[PDB]
Amino acid sequence: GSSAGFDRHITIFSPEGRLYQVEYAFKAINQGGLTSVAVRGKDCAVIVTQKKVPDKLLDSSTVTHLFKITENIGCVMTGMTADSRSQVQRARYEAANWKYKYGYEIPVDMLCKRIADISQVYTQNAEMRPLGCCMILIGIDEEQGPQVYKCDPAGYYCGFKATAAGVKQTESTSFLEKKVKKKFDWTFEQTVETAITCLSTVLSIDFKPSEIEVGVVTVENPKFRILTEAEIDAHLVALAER
Amino acid sequence: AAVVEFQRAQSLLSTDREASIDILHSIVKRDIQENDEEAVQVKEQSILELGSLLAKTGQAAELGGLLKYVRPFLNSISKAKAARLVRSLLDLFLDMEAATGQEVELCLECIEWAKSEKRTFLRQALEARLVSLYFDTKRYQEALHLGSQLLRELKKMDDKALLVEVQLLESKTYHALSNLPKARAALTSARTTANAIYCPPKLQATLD
Amino acid sequence: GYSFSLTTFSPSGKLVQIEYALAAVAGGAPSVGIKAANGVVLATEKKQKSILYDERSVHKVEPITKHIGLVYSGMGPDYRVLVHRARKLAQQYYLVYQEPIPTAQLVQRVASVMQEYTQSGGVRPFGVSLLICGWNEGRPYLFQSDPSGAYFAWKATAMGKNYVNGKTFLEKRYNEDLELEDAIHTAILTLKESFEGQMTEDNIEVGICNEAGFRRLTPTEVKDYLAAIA
Amino acid sequence: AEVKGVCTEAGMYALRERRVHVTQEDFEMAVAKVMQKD
Amino acid sequence: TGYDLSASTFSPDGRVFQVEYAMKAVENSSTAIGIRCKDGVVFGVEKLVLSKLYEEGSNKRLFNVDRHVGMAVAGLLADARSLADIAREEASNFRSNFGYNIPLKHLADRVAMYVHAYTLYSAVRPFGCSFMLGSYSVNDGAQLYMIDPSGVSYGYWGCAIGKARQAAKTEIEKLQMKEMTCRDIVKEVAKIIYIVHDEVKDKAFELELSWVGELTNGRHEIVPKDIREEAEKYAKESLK
Amino acid sequence: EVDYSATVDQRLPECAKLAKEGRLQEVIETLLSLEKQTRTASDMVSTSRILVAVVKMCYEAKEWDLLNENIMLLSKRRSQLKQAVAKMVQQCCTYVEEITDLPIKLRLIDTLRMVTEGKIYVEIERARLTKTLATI
Amino acid sequence: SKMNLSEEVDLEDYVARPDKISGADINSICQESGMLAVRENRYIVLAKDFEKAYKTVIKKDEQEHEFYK
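- What the deposited record gives as its method is cryo-EM, and the resolution it gives is 2.9 Å.

1. Some details on the overall build of chain A
Reasoning step 1: Looking only at helices and strands, chain A has six helices and ten strands in total.
Reasoning step 2: Here the C-alpha radius of gyration of chain A, 18 Å, is about what a compact globule of 242 residues would show, namely 18 Å.
Reasoning step 3: Considering chain A as a whole, with its 242 residues, one finds that 63% of them fall into the buried category.
Reasoning step 4: Once local pairs closer than 6 in sequence are excluded, the contacts in chain A between residues at least 24 apart make up 62%.

2. Considerations on the overall build of chain G
Reasoning step 1: The helix and strand tally for chain G stands at three helices and zero strands.
Reasoning step 2: Counting from the amino terminus, helix and strand elements in chain G follow one another as α-α-α.
Reasoning step 3: With the C-alpha coordinates of chain G rotated into their principal frame, the extents come out at 45 × 20 × 20 Å.
Reasoning step 4: Taken over 69 residues, chain G has a buried fraction of 32%.
Reasoning step 5: For chain G, contacts bridging at least 24 residues in sequence account for 67% of all contacts bridging at least 6.
Reasoning step 6: As presented, chain G carries roughly 4,600 Å² of accessible surface, and 54% of it is formed by carbon and sulfur atoms.
Reasoning step 7: With 11 positive and 15 negative side-chain charges, chain G shows a separation of 3 Å between the mean positions of the two kinds.

3. Overview of helix 3 (residues 44-60) of chain F
Residues and elements named next belong to chain F.
Reasoning step 1: Its 17 residues give helix 3 an end-to-end C-alpha distance of 24 Å, which sits within 8% of 24 Å, the value for a rise of 1.5 Å per residue.
Reasoning step 2: Of all 17 residues in helix 3, twelve are buried; the element is thus mostly enclosed.
Reasoning step 3: For helix 3, the set of buried residues is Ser46, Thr47, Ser48, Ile50, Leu51, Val52, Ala53, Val54, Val55, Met57, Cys58 and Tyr59.
Reasoning step 4: With its phi angle positive at about 60°, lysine 62 sits one or two positions after the end of helix 3.

4. As for the environment of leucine 236 of chain A
Residue and element names in this part refer to chain A.
Reasoning step 1: Tracing the backbone through its elements, the reader meets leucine 236 in helix 6 (residues 229-241).
Reasoning step 2: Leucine 236 gets classed as buried once you look at its relative accessible area, which sits at 11%.
Reasoning step 3: In sequence terms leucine 236 and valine 46 are 190 residues apart; their C-alpha atoms lie 15 Å from each other.

5. Some thoughts on the interface of chain C and chain A
Reasoning step 1: Listed as interface residues are 30 residues of chain C and, on the opposing side, 37 residues of chain A.
Reasoning step 2: Carbon and sulfur atoms make up 58% of the area that chain C and chain A hide from each other, which totals about 2,800 Å².
Reasoning step 3: Together, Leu52, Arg80 and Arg124 of chain C form the three largest contributors to the area buried by chain C at its contact with chain A, with a combined 26%.
Reasoning step 4: Put simply, chain C and chain A have three salt bridges between them.
Reasoning step 5: In this structure, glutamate 55 of chain C engages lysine 161 of chain A in a salt bridge whose closest nitrogen and oxygen atoms are separated by 3.1 Å.
Reasoning step 6: Counting across the interface, chain C meets chain A through 18 residue pairs in polar contact.
Reasoning step 7: Only helix 1 (16-26), strand 3 (53-54) and helix 2 (76-97) of chain C provide two or more residues apiece to the side of chain C that touches chain A.
Reasoning step 8: For the side of chain C that touches chain A, the element with the most residues is helix 1 of chain C, which contributes five residues.

6. A look at helix 4 (residues 64-75) of chain F
Residues and elements named next belong to chain F.
Reasoning step 1: The end-to-end C-alpha distance of helix 4 is 17 Å, a good match for the 16 Å that twelve residues give at a rise of 1.5 Å each.
Reasoning step 2: Residues of helix 4 that are buried include every one of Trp64, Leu66, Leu67, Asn68, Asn70, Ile71, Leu74 and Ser75, and no others.
Reasoning step 3: Taken together, the buried residues of helix 4 touch helix 2 (25-41), helix 3, helix 5 (82-98) and helix 6 (102-115).

7. Brief notes about the pattern of salt bridges
A side chain with one charge may pair with a side chain of the opposite charge, provided their charged atoms come close.
Residues and elements named next belong to chain E.
Reasoning step 1: As enumerated under the stated definition, the model contains 60 salt bridges over all chains in all.
Reasoning step 2: Across the pair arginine 88 and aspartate 85 runs a salt bridge whose closest N-O atoms are separated by 3.4 Å. With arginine 88 and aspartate 85 both in helix 2 (residues 77-98), this residue pair falls three residues apart, about one helical turn.
Reasoning step 3: Taking the relative accessible area as the measure of exposure, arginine 88 reaches 35% and is therefore partly exposed.
Reasoning step 4: One continuous salt-bridge network, built from bridges that share partners, spans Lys47, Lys60, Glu206 and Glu208.

8. Here we look at the sheet that holds strand 6 (residues 146-151) of chain A
Neighbouring strands of a sheet are bound in pairs by backbone hydrogen bonds; such pairs are parallel or else antiparallel.
Reasoning step 1: Spatially, the six strands line up as an open sheet ordered 3(A)-4(A)-5(A)-6(A)-7(A)-3(C), and their pairing is antiparallel. Of all strands in the sheet, those bounded by a partner on one side alone are strand 3 (66-68) of chain A together with strand 3 of chain C.
Reasoning step 2: Judged from the two bridges that link them, strand 7 (residues 157-160) of chain A and strand 3 of chain C form a sheet pairing that is antiparallel. Within the sheet, the bridge partner assigned to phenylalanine 160 of chain A lies in strand 3 of chain C and is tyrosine 53 of chain C.
Reasoning step 3: Against the sheet, helix 2 (residues 81-102) of chain A touches strand 3, strand 4 (73-79) and strand 5 (133-140) of chain A, its axis set at about 155° to strand 4 of chain A.

9. With respect to the side chain of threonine 163 of chain A
Reasoning step 1: Mapped onto the elements of the fold, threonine 163 of chain A is located in strand 8 (residues 162-166).
Reasoning step 2: Dropping the residues within four chain positions of it, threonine 163 of chain A is found in contact with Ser36, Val37, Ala38, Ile136, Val148, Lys150 and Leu176 of chain A.

10. Comments concerning the interface of chain B and chain C
Reasoning step 1: Facing the 13 residues of chain B at the interface are eleven residues of chain C.
Reasoning step 2: Buried area between chain B and chain C, both sides added, is near 1,200 Å², and the carbon and sulfur share of it is 55%.
Reasoning step 3: Among the residues of chain B in contact with chain C, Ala80, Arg119 and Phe121 of chain B are the three that bury the most area, contributing 41% of the side total.
Reasoning step 4: Taken together, the connections running from chain B to chain C amount to two salt bridges.
Reasoning step 5: The salt bridge involving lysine 79 of chain B is made with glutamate 179 of chain C; its shortest N-O contact spans 3.5 Å.
Reasoning step 6: For the side of chain B that touches chain C, the elements supplying multiple residues, two or more each, are helix 5 (79-95) and helix 7 (120-136) of chain B.

11. Comments concerning the environment of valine 42 of chain E
All names here are of chain E.
Reasoning step 1: Position of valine 42 among the secondary structure elements: in strand 2 (residues 40-48).
Reasoning step 2: The spatial distance from the C-alpha of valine 42 to the C-alpha of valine 223 is 8.8 Å, given a sequence separation of 181 residues.
Reasoning step 3: In contact with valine 42, not counting residues within four places along its chain, are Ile33, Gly34, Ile35, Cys182, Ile185, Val186, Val189, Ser210 and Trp211.

12. Structural notes on a positive patch on the surface
Reasoning step 1: On the surface, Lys178, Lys181 and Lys183 of chain A together with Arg39 and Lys52 of chain G cluster together to form a positively charged patch.
Reasoning step 2: Its location among the elements puts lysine 183 of chain A in the loop between helix 4 (169-181) and helix 5 (188-203).

13. Thoughts on the sheet that holds strand 9 (residues 156-159) of chain C
Residue and element names in this part refer to chain C.
Reasoning step 1: With antiparallel pairing, the five strands of this open sheet are ordered in space as 9-1-2-10-11. The sheet is open, and its two edges are formed by strand 9 and strand 11 (213-216), each paired on a single side. Each strand of the sheet is rotated relative to its neighbour by a mean of 10°, with strand direction disregarded.
Reasoning step 2: Bridge analysis of strand 1 (residues 31-35) against strand 9 gives four bridges, and the strand direction is antiparallel. Residue pairing for strand 9: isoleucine 34 is matched across the bridge by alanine 156.
Reasoning step 3: Against the sheet, helix 5 (residues 180-194) contacts strand 1, strand 2 (40-45) and strand 10 (204-210), and its axis sits at roughly 25° relative to strand 2.

Thresholds, definitions, all that
Residues numbered from 1 in each chain as written, not as in the entry; some residues may be left out. Chains lettered and ligands numbered in written order. Part of a larger assembly, values for the part shown. Heavy atoms only, no water. Helix = DSSP H or I, 4+ residues; strand = E, 2+ residues; numbered from the N terminus. Rg over C-alpha atoms; globule rule 2.2 N^0.38 Å. Buried < 20%, exposed > 50% of the residue type's maximum accessible area, 1.4 Å probe, protein only. Contact = heavy atoms within 4.5 Å. Areas by Shrake-Rupley, 256 points an atom, 1.4 Å probe, with all protein chains shown as cover. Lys, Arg positive; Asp, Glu negative; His and termini not counted. Charge placed at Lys NZ, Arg CZ, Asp CG, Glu CD. Expected span 1.5 Å × (residues − 1). Buried area = accessible area lost by both parts, 1.4 Å probe. Salt bridge = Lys/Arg side-chain N within 4 Å of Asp/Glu carboxyl O. Polar contact = N/O pair within 3.5 Å; in protein donor to acceptor, adjacent residues only side chain to side chain. Pairing = 2+ DSSP bridges. Axes fitted to C-alpha atoms, helices over the stretch in contact; angles between N-to-C directions. Patch = residues over 30% accessible without salt bridge, like charges linked within 9 Å, V, L, I, M, F, W, Y side chains within 5 Å.

This is the structure in structure tokens:
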């Protein structure tokens, strides 16, 4: 943990080879206090996050961390709300530019690979700070199938069978690692159930059909849709009955 | 096509082992077209399974003759797969203690294949195994000649783990020749080489 | 943007920020490159911290042209930037000469980019070292590009974590008469000494270059090579 | 110091075999332990 | 400690102090409340007069960024006016490009990104004002968004920004805002402002009122003086 | 807790008549739903009575394959009360003594000795079953 | 060796883990595995107890970001 100069104030290397500013951006994801869980099945991908409405004054229809980047690609944002919208707006622009320049919908893997490239510049140039947000894109590829990609402030990116971001990321990761070890190609119903269960078990909330948001993409309909409270209640009822 | 008989051979595993052989061995005789990325993968899986089954049945003609028959096929699959095939087929025959009398012959044939394919690491372990086979066949004089050559090659590349084994074989061979002073020197070489590296429990046991 | 250099000379005549960038390289995943007589091999430890990670989603060994490949040790995001720059640089060479870019020429162009970030304003050096392998004029090529921007022609080298002992291991295990397949065997052996746990076909990445060009070995192929180790 | 430690370890190997006189094997086994192992 | 001198440096706990410090300027200004009723949005700002010399209308915290969108500000007034011009030019550009009045959701999402762009670099400082944007249309309906110095835009039914925001929010929660109309809300908005005002503390406030709803044909206008005085009288009577 | 009690006092005699009539597969499912309610409610005196009822139902109906499957399924049920299983095993080991057919008796013991393996609260039944198995 | 285990537990699953743990940590894993069996009124330690015990005892925060390698 040695320091020499401005290694803690700008994105420059520490004596042991560390970028503290980039590391501090990771602790910024937990500032919102929300956890997101994404699970990929045999033919579907599901993103689940908790929505907190502290007062009835807030319009709950607006407090959403689920964003439709394009028709076939959706994402869940964790971290600073202000930084999250900029990444979503940036991701939407790159998706639209890819469609215009190349003539086909941008792949999920290449969407963050661009976004991780933008966020890498923030970790190399010192006049701006890294965006304290985490991006998890889910979408149905033409050939590879369902895809899940986490997109961290450091410019790192990787595919995931089931990932999580937020305060309870490592608690939820251990839960999802156990479920994946069983090696079950979950159906659409099971992926939503394990995604809701992962957020439910880790947080111990026993979710109501107003406290989480579910966004799913399926092979049958490769479009990103937000689950309504009626649709979300069916899965919660199914969880309770089993 | 060919995959179906593999499951049928797998299903026949619960049945008589020899009954399953006719399925796998027919695939082994089966001729192949230019590439057949599925067929060669099945035959490679069948031949590895066929030899594995014969490790329990113990039939030298179909096992020892297999290695002499599949030499043309080794020129089709990738070199990494072929070297594994040669290693696996040879290892099963020699782990079978039955001294059919040709154990020296095909081991030397594989060494020639290793020389032709320029696989030094595969060759060196085969030569080291041959020295053990020479010792087990009372061929002490040739064992020392091959062990002496392997000692120099192993020393240059600092392969201490394999150096200990061949040195121990030299110590055992000299002991059988009733030459205690040379047996102690070879064992001294093996012990000092062993002390310089981490000895696996099998290697420490044979040294002790 | 900041117009002043963030890398400066220490009173004892050292670019201190470059040395700290090299420390990040030493903390990265090990990468081993061996130049055999008939080709070059590139191997690295692509081990993830969980099974949830998709191994095949992100590849540490990436091709640049039909005959040039990259493998790194250091910061993952920094390597993707250098991959795009190298691929951009290879296209610029190809467009104006209509000939695939020589392996040596690419290293100079890539190292120049790395050197620029040492002297340019408001930026930090790349925290990676690039192992560049290629095939030109019927002769194998292997190079290393440090964060400083200095490129070395290596017959056999290792970078990343435990690279000092890996270099020593290659000293006693490499000769100019090694073949491509034995180089793969030696490259896997070099990783194994620095490797913790067990090496599967998914937690390591191997890429080789020969007359046929550079291609990254599939997990099926790496499994066959790994079987010879044990 | 390493050369001195090799001699001290050489006498240890004689004790491990309950010998009184240090033999050449003991020095060689001490060299391997001090240099290569450590 | 040096971790709070720039917006481009993260605290070791991952918080941007310059943005947090800019939020404190909003918490030092007078409260400004906005309530979204069934058929519109009513804006009420407690506008103190620092001296009797300022004219009735000086330091107008209620702006008109478009013919259908209002703006109630809190914090530093200069950055509030600058953001009002940014919101003004965002609505003008939207009409000059797409051909219709800009939706509040897009306007809030557009101005917030400009606000957020000032929270990333050391070359600029975060805006020291928080503002509420309200609009009404027959199609979209009454909308109310609050944007803080960080750049977070959330839709609201009742929002308060300023030093008495926390006390004002409690009074807003009593209201059944989803059912009453603008004419009834303007009385309550005055009542909440008068309740949260501190007479022993900074006193002599002027009640600034504005609304946009179906009664104004979706046009943001200053509340008429005749209704405004009626709301003022009701608020004063409610204090007994 | 919720004290189901009399709730199972109504179902158990009713499903007993359907069991003799010929309805067993549908009946046990109704008890399984009733067991699920009582298990979650942690009703001890209730949950035992269904568990002994199902094993008795499959024993009186000579449903040996169903009896062994039900024993394994009931014992592995999520968060099942430990004393509820003890009563079910206690009533089941009595059926072992009554059963004279060796292949049927052996398989029931093997299933019973497997659901009681490693569990303290049924250690006496497992020992006694091993003595019965050893005697056989 | 002093504990009543089941044949279903494979110690190599937890030995192969790359966690840098001490002998007291390994004792705690076995000690915590035995208490989970005790909690469920069991005198034989199952494989599920060891998996829960290992996760509880180690409780290792990642403390390392993937972008460094």
